[PDB]
Amino acid sequence: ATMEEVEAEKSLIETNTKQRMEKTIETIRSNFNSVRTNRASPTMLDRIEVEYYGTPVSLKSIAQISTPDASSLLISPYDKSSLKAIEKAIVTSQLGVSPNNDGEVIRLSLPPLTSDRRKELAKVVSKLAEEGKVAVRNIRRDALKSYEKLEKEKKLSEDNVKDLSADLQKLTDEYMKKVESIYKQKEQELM
Amino acid sequence: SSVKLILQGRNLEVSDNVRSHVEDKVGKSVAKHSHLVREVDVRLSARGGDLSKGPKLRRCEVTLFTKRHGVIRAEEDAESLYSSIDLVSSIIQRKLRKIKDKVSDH
RNA sequence: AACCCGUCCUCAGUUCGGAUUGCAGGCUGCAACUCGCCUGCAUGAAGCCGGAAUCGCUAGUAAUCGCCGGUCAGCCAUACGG
RNA sequence: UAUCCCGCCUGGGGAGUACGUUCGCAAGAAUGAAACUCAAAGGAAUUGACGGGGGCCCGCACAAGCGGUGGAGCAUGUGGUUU
RNA sequence: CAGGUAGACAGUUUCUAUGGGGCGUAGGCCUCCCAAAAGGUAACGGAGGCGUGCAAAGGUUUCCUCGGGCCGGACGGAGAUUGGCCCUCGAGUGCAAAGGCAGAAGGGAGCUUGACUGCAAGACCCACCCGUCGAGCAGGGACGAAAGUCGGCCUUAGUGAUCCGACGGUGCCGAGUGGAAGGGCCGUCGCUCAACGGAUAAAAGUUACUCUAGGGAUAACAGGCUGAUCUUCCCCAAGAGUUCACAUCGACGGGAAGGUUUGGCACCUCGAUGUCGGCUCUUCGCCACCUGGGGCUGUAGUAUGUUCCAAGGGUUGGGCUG
RNA sequence: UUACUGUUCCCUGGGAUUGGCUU
RNA sequence: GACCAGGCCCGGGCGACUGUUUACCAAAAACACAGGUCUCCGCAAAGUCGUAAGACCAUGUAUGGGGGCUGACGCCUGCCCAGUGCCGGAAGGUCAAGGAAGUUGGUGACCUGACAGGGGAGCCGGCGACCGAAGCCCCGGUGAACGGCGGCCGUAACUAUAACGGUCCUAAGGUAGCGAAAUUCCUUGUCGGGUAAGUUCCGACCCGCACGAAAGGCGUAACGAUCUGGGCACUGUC
RNA sequence: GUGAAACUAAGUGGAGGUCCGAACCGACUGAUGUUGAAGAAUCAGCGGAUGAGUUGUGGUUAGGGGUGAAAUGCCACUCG
Ligand SMILES: [Mg+2]
Ligand SMILES: [Mg+2]
Ligand SMILES: [Mg+2]
Ligand SMILES: [Mg+2]
Ligand SMILES: [Mg+2]
Ligand SMILES: [Mg+2]
Ligand SMILES: [Mg+2]
Ligand SMILES: [Mg+2]
Ligand SMILES: [Mg+2]
Ligand SMILES: [Mg+2]
Ligand SMILES: [Mg+2]
Ligand SMILES: [Mg+2]
Ligand SMILES: [Mg+2]
Ligand SMILES: [Mg+2]
Ligand SMILES: [Mg+2]
Ligand SMILES: [Mg+2]
Ligand SMILES: [Mg+2]
Ligand SMILES: [Mg+2]
Ligand SMILES: [Mg+2]
Ligand SMILES: [Mg+2]
Ligand SMILES: [Mg+2]
Ligand SMILES: [Mg+2]
Ligand SMILES: [Mg+2]
Ligand SMILES: [Mg+2]
Ligand SMILES: [Mg+2]
Ligand SMILES: [Mg+2]
Ligand SMILES: [Mg+2]
Ligand SMILES: [Mg+2]
Ligand SMILES: [Mg+2]
Ligand SMILES: [Mg+2]
Ligand SMILES: [Mg+2]
Ligand SMILES: [Mg+2]
Ligand SMILES: [Mg+2]
Ligand SMILES: [Mg+2]
Ligand SMILES: [Mg+2]
Ligand SMILES: [Mg+2]
Ligand SMILES: [Mg+2]
Ligand SMILES: [Mg+2]
Ligand SMILES: [Mg+2]
Ligand SMILES: [Mg+2]
Ligand SMILES: [Mg+2]
Ligand SMILES: [Mg+2]
Ligand SMILES: [Mg+2]
Ligand SMILES: [Mg+2]
Ligand SMILES: [Mg+2]
Ligand SMILES: [Mg+2]
Ligand SMILES: [Mg+2]
Ligand SMILES: [Mg+2]
Ligand SMILES: [Mg+2]
Ligand SMILES: [Mg+2]
Ligand SMILES: [Mg+2]
Ligand SMILES: [Mg+2]
Ligand SMILES: [Mg+2]
Ligand SMILES: [Mg+2]
Ligand SMILES: [Mg+2]
Ligand SMILES: [Mg+2]
Ligand SMILES: [Mg+2]
Ligand SMILES: [Mg+2]
């Protein structure tokens with residue numbers, strides 16, 4: 001178990017972690033944005049498509065999305081024939097909003113935050129954080145096995161594993177703090 | 001795999017998201033008997049609504065010529081474009097499976 | 001016209017094959033560059049009967065040879081109808 | 001055609017399901033709902049269509065024969081791209 | 001009698017170095033540095049290599065010079081091969097490195113086997129055993145016209161004592177004598193005996209059921225040294241702060257004290273310095289949580305914020321956890 | 001204990017105990 | 001009315017239970033247990049103790065005896081025989097002592113040469129064609145025998161998951177049931193319940209570091225000077 | 001009660017590795033003692049107590065061993 005072997009076995013296993021930790025933190029942030037806590041919605045209306053002369057086309061190409069207020073939204077359709085198609089898609093999408101019409105445009109109104117919704121919604125926010133922590137702990141759980149597999153194969157010493165393992169926890173614990181930090185700023189958004 | 005494809009904008013323009021949806025469906029139904037066929041013919045159409053009088057309806061005509069004197073004719077009509085593509089692909093997978101059951105009758 | 005008689009070419013990308021391009025000319029037409037048809041020369045590609053597949057034909061038919069006409073000033077007709 | 005007695009049905013799905021009860025070593029049997037939901041479900045028979053059902057017959061339908069296409073070059077049409 | 005066959009049973013082995021031991025790594029030889037201008041010189045100090053190869057890459061005689069850059073020339077281009085010019089040892093010398101070598105120790109050609117036999121004055125090295133160079137003499141020879149050169153390779157790693165055995169040779173001995181068996185002698189061969197001065201022809205683990213002889217020469221607790229780390233301050237002020245570096249934070253970096261953290265060293269204690277937390281009972285320190293008294297404020301007031309003097313006194317009861 | 005060298009139980013062959021007629 | 005003379009209830013883990021155990025720090029979840037299963041033994045039995053004679057087993061006879069594992073009862077007890085074991089097989093290959101077709105050497109009655117060469121008989125030796133068992137190799141069976149029971153990618157119409165599929169490697173890749181457990185490192189996992197507040201306790205989820213089917217799995221009334229949490233009553237524990 | 005049985009109500013009977021609890025055999029908790037009264041006991045409660053029970057007398061098994069409801073426990077205060 002020369003030093004050149006410890007560096008290589010450290011470099012191989014460690015890069016699989018860091019390259020895997022960044023995948024989790026990237027996807028975990030996407031799980032928060034999918035909760036859609038009625039802050040602002042230039043993004044919600046993007047995935048809804050509509051039919052325009054036998055062509056499924058996104059709403060972004062057919063009309064403009066302007067946010068005059070955080071709790072509302074304005075759609076300026078260039079074609080009046082395409083206005084009704086937008087109303088159909090929003091309702092069939094079942095997002096949870098009742099669109100209105102003023103004869104020219106479509107206006108949305110995100111509802112207010114209720115107490116019953118905030119608690120049921122807060123349970124989802126905590127649940128996603130739990131799914132993030134277990135994702136990290138599985139990576140700590142996978143990395144330490146490989147150090148033990150090298151040990152049983154007599155390519156590392158007992159002394160090397162205790163050093164790498166103790167040094168590997170410091171790496172993961174840094175990424176753990178990123179989980180709470182994203183959770184702290186989110187819990188402030190509930191109010 | 002290793003099979004060509006032919007689309008046709010009969011009464012409209014063929015988009016890219018649509019073309020991806022076409023390859024996804026027939027790619028499933030044809031991947032099974034992929035070593036029997038060489039090409040895939042497709043013809044999309046649209047009618048009604050704002051274009052013509054009557055209910056909006058979009059046709060998807062799909063023809064297939066295998067490597068051994070096989071001919072398939074499939075035509076369906078639906079209210080949307082993707083729904084029309086879905087129903088036709090189910091018909092091809094039905095008749096395409098009917099052929100192997102006759103060849104593998106023994 | 002295929003065909004008959006006679007000379008030459010003897011299995012070669014060849015006296016097979018005639019694409020591509022340059023030069024020099026003619027006819028139609030007010031007009032021929034994009035965008036017509038032809039002549040005279042010189043260049044002389046690919047191509048050695050052709051995968052998986054697939055078409056026509058049961059008698060003067062298939063195969064093969066050439067002729068005519070319509071539209072048309074002219075003609076991209078190797079088409080169409082005989 | 002008639003009399004006497006027993007059991008059994010009252011649209012379909014949910015469902016012979018759930019709770020509870022009796023029996024059974026168990027597997028399970030018997031008894032047996034409701035919420036919600038559709039305007040049908042179903043029977044006989046006819047007519048066509050269809051059948052890797054049966055029987056018969058026909059067309060260059062296959063088979064057999066002759067010559068081609070698909071390859072090469074060049075006419076000429078369609079798509080596609082481009083404008 | 002022989003072959004095979006159960007740790008059922010017996011007798012034993014199971015290396016050392018080591019900033020405690022173990023897991024790891026290493027064990028012999030050569031080269032450079034550390035090595036302090038002779039030589040020699042340690043560390044778990046920094047870099048790399050060897051366990052050979054060549055029948056010519058040996059010996060002798062003899063003729064040559066590589067490499068780089070530019071220019072010219074078909075395929076040919078940065079680069080094959082060819083001509084010329086310029087700088088001159090920048091190449092190469094089977095392999096690591098150092099040192100050395102230019103009409104050469106490098107690169108070719110011709111003949112050859114001295115990659116001999118029997119020696120050897122005198123030296124270098126040095127605990128011992130080993131190891132290294134070598135004028136010169138005889139013999140019989142190679143190359144060269146001759147003088148002269150040659151006892152393997154430009155040099156330094158390419159290796160293993162002794163016992164025993166094996167092959168070949170031999171004018172030696174031959175257990176009464178003659179022979180023979182066998183042995184000696186000469187020439188040479190056979191170990192990754194690599195833990196490489198090799199304990200045997202032949203050997204791994206476990207003990208928390210344990211035991212003895214010893215050690216503070218040697219670990220864990222504590223003390224002490226050190227102060228990386230930790231804690232607490234200071235220096236510079238790029239900026240934040242509506243403008244305004246210093247009301248309050250202060251990056252980038254720098255200079256300190258303290259000895260409560262985790263550690264390094266292993267100096268006291270191994271014919272004993274009994275541990276974590278808690279109960280009870282103290283007592284000091286200030287780098288100040290509250291109480292007393294002040295300054296500044298982006299201090300209106302109340303209430304803070306930061307900081308100075310100040311350690312007199314005070315600093316609760318419970319749930320979970322050893 | 002699949003550490004080294006051995007012992008024992010056990011299995012197997014030759015010999016003794018051990019002989020006759022046939023194939 | 002003194003002395004004498006049960007505290008009780010709800011829930012969970014382990015073991016079925018009565019019992020046995022480290023005399024002098026461990027009474028238990030360990031041991032035993034009824035039962036269940038595998039394998040051996042046809043009596044001059046296997047097995048066990050002995051140098052042997054012989055003894056026990058047994059004055060018994062496969063509904064009996066010995067040995068291994070498991071441990072009432074109830075529902076069940078899966079996959080892999082490549083390897084290691086055990087059983088059986090017998091074609092060939094390897095093969096001891098021993099036997100002996102022969103071959104070879106030493107000695108020398110003699111012969112010859114010029115001290116040496118050759119050499120009969122007899123004696124003493126060496127080598128060994130071929131014959132030569134079991135065992136092993138080899139061919140099958142056997143898991144309530146020792147034992148083991150995998151990874152990497154992609155895919156569902158919002159994300160997220162992956163019913164499904166592809167690939168590599170093994171003898172085979174963990175089936176029922178259970179699951180932060182007497183097993184879970186991260187860990188005081190997370191949600192719920194209980195408490196004014198619960199690193200312990202109960203229920204559930206499953207990311208099972210490293211459950212798992214007779215070294216048995218999941219449950220289980222009763223029992224326990226067993227471990228573990230809560231509550232009523234009681235009290236100088238406080 | 002039935003065709004006869006199965007099944008079923010009383011009485012008799014007094015079973016159990018049954019219950020409470022002395023002797024007897026054990027030794028779970030705590031206190032005390034810990035140069036003890038005692039080289040394991042005293043005090044207060046505790047377990048089994050018709051059974052796989054306890055006990056006397058007289059005997060058997062002896063160390064590369066014996067014995068062991070198996071702790072490496074016991075074999076004359078001594079047992080890897
Ligand atoms: Mg050609
Ligand atoms: Mg030809
Ligand atoms: Mg052709
Ligand atoms: Mg006809
Ligand atoms: Mg009918
Ligand atoms: Mg035909
Ligand atoms: Mg032993
Ligand atoms: Mg042995
Ligand atoms: Mg001894
Ligand atoms: Mg040592
Ligand atoms: Mg000096
Ligand atoms: Mg020196
Ligand atoms: Mg040089
Ligand atoms: Mg030279
Ligand atoms: Mg003699
Ligand atoms: Mg000599
Ligand atoms: Mg040595
Ligand atoms: Mg223990
Ligand atoms: Mg023990
Ligand atoms: Mg000391
Ligand atoms: Mg310490
Ligand atoms: Mg210390
Ligand atoms: Mg101190
Ligand atoms: Mg210290
Ligand atoms: Mg003393
Ligand atoms: Mg002060
Ligand atoms: Mg009492
Ligand atoms: Mg627990
Ligand atoms: Mg018990
Ligand atoms: Mg008991
Ligand atoms: Mg005791
Ligand atoms: Mg007890
Ligand atoms: Mg006790
Ligand atoms: Mg016990
Ligand atoms: Mg016997
Ligand atoms: Mg057990
Ligand atoms: Mg086997
Ligand atoms: Mg087998
Ligand atoms: Mg399962
Ligand atoms: Mg927990
Ligand atoms: Mg576990
Ligand atoms: Mg508690
Ligand atoms: Mg639990
Ligand atoms: Mg287990
Ligand atoms: Mg099993
Ligand atoms: Mg098992
Ligand atoms: Mg069990
Ligand atoms: Mg108990
Ligand atoms: Mg009793
Ligand atoms: Mg009692
Ligand atoms: Mg006792
Ligand atoms: Mg008492
Ligand atoms: Mg009592
Ligand atoms: Mg009692
Ligand atoms: Mg009792
Ligand atoms: Mg005695
Ligand atoms: Mg003795
Ligand atoms: Mg004793």
# chains A, B, ... in the order shown; residues from 1 in each chain; ligands from 1
call {"tool": "residues_around", "arguments": {"residues": "stretch 79-87 of chain E", "least_positions_apart": "6", "cutoff": "8 Å", "atoms": "only C-alpha atoms (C1' of nucleotides)", "output": "PyMOL selection string"}}
result
chain E and resi 70-72
call {"tool": "interface_residues", "arguments": {"of": "chain C", "to": "chain B", "cutoff": "12 Å", "atoms": "only C-alpha atoms (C1' of nucleotides)", "output": "PyMOL selection string"}}
result
chain C and resi 52-54
call {"tool": "residues_near_ligand", "arguments": {"ligand": "ligand 22", "cutoff": "12 Å", "atoms": "only C-alpha atoms (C1' of nucleotides) and all ligand atoms", "output": "list in words"}}
result
residues 219, 220, 221, 222, 223, 224, 225, 263, 264, 265, 266, 267 and 268 of chain E
call {"tool": "select_by_dssp", "arguments": {"residues": "chain A", "states": "strand (DSSP E)", "output": "number ranges by chain"}}
result
A: 49-51, 56-58, 63-66, 72-77, 100-101, 106-109
call {"tool": "residues_around", "arguments": {"residues": "stretch 81-91 of chain G", "least_positions_apart": "3", "cutoff": "12 Å", "atoms": "only C-alpha atoms (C1' of nucleotides)", "output": "count of residues only"}}
result
15
call {"tool": "residues_near_ligand", "arguments": {"ligand": "ligand 43", "cutoff": "8 Å", "atoms": "only C-alpha atoms (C1' of nucleotides) and all ligand atoms", "output": "list in words"}}
result
residues 181, 202 and 203 of chain G
call {"tool": "interface_residues", "arguments": {"of": "chain G", "to": "chain A", "cutoff": "12 Å", "atoms": "only C-alpha atoms (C1' of nucleotides)", "output": "PyMOL selection string"}}
result
chain G and resi 157-160+184-187+189-191+206-207+209-210
call {"tool": "residues_near_ligand", "arguments": {"ligand": "ligand 28", "cutoff": "10 Å", "atoms": "only C-alpha atoms (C1' of nucleotides) and all ligand atoms", "output": "PyMOL selection string"}}
result
chain G and resi 12-13+181-182+200-201+228
call {"tool": "write_last_selection", "arguments": {"atoms": "N, CA, C and O atoms (P, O5', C5', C4', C3', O3' and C1' of nucleotides)", "output": "PDB file, in the first residue's frame"}}
result
ATOM      1  P     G G  12     -48.558  -6.234  23.116  1.00  0.00           P
ATOM      2  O5'   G G  12     -46.986  -6.013  22.999  1.00  0.00           O
ATOM      3  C5'   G G  12     -46.453  -5.185  21.979  1.00  0.00           C
ATOM      4  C4'   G G  12     -44.978  -4.930  22.166  1.00  0.00           C
ATOM      5  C3'   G G  12     -44.069  -6.147  22.146  1.00  0.00           C
ATOM      6  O3'   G G  12     -43.796  -6.632  20.844  1.00  0.00           O
ATOM      7  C1'   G G  12     -43.477  -4.766  23.957  1.00  0.00           C
ATOM      8  P     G G  13     -43.363  -8.165  20.641  1.00  0.00           P
ATOM      9  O5'   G G  13     -41.854  -8.210  21.148  1.00  0.00           O
ATOM     10  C5'   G G  13     -40.838  -7.505  20.453  1.00  0.00           C
ATOM     11  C4'   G G  13     -39.475  -7.737  21.055  1.00  0.00           C
ATOM     12  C3'   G G  13     -39.054  -9.186  21.235  1.00  0.00           C
ATOM     13  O3'   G G  13     -38.585  -9.783  20.040  1.00  0.00           O
ATOM     14  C1'   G G  13     -38.568  -7.975  23.203  1.00  0.00           C
ATOM     15  P     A G 181     -34.036   0.094  16.238  1.00  0.00           P
ATOM     16  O5'   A G 181     -34.490  -1.431  16.253  1.00  0.00           O
ATOM     17  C5'   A G 181     -35.839  -1.783  15.976  1.00  0.00           C
ATOM     18  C4'   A G 181     -36.034  -3.278  15.913  1.00  0.00           C
ATOM     19  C3'   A G 181     -35.255  -4.086  16.952  1.00  0.00           C
ATOM     20  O3'   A G 181     -36.034  -5.201  17.384  1.00  0.00           O
ATOM     21  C1'   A G 181     -34.661  -4.804  14.787  1.00  0.00           C
ATOM     22  P     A G 182     -35.864  -5.777  18.874  1.00  0.00           P
ATOM     23  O5'   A G 182     -34.328  -6.190  18.950  1.00  0.00           O
ATOM     24  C5'   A G 182     -33.846  -7.005  20.013  1.00  0.00           C
ATOM     25  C4'   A G 182     -32.431  -6.650  20.394  1.00  0.00           C
ATOM     26  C3'   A G 182     -31.401  -6.777  19.272  1.00  0.00           C
ATOM     27  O3'   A G 182     -30.409  -5.758  19.390  1.00  0.00           O
ATOM     28  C1'   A G 182     -30.804  -8.202  21.057  1.00  0.00           C
ATOM     29  P     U G 200     -33.949   6.926  21.012  1.00  0.00           P
ATOM     30  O5'   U G 200     -34.352   6.164  22.349  1.00  0.00           O
ATOM     31  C5'   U G 200     -33.394   5.392  23.056  1.00  0.00           C
ATOM     32  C4'   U G 200     -33.965   4.826  24.330  1.00  0.00           C
ATOM     33  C3'   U G 200     -35.218   3.980  24.178  1.00  0.00           C
ATOM     34  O3'   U G 200     -34.947   2.651  23.773  1.00  0.00           O
ATOM     35  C1'   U G 200     -35.530   5.529  25.928  1.00  0.00           C
ATOM     36  P     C G 201     -35.829   1.968  22.617  1.00  0.00           P
ATOM     37  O5'   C G 201     -37.305   1.966  23.215  1.00  0.00           O
ATOM     38  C5'   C G 201     -37.605   1.238  24.394  1.00  0.00           C
ATOM     39  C4'   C G 201     -39.069   1.314  24.744  1.00  0.00           C
ATOM     40  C3'   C G 201     -40.045   1.042  23.614  1.00  0.00           C
ATOM     41  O3'   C G 201     -40.218  -0.337  23.346  1.00  0.00           O
ATOM     42  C1'   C G 201     -40.726   2.969  24.789  1.00  0.00           C
ATOM     43  P     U G 228     -33.731  -3.258  32.222  1.00  0.00           P
ATOM     44  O5'   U G 228     -34.869  -2.822  31.199  1.00  0.00           O
ATOM     45  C5'   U G 228     -34.536  -2.443  29.874  1.00  0.00           C
ATOM     46  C4'   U G 228     -35.759  -2.114  29.057  1.00  0.00           C
ATOM     47  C3'   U G 228     -36.748  -1.148  29.683  1.00  0.00           C
ATOM     48  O3'   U G 228     -36.341   0.207  29.620  1.00  0.00           O
ATOM     49  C1'   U G 228     -37.922  -2.966  28.764  1.00  0.00           C
TER      50        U G 228
END
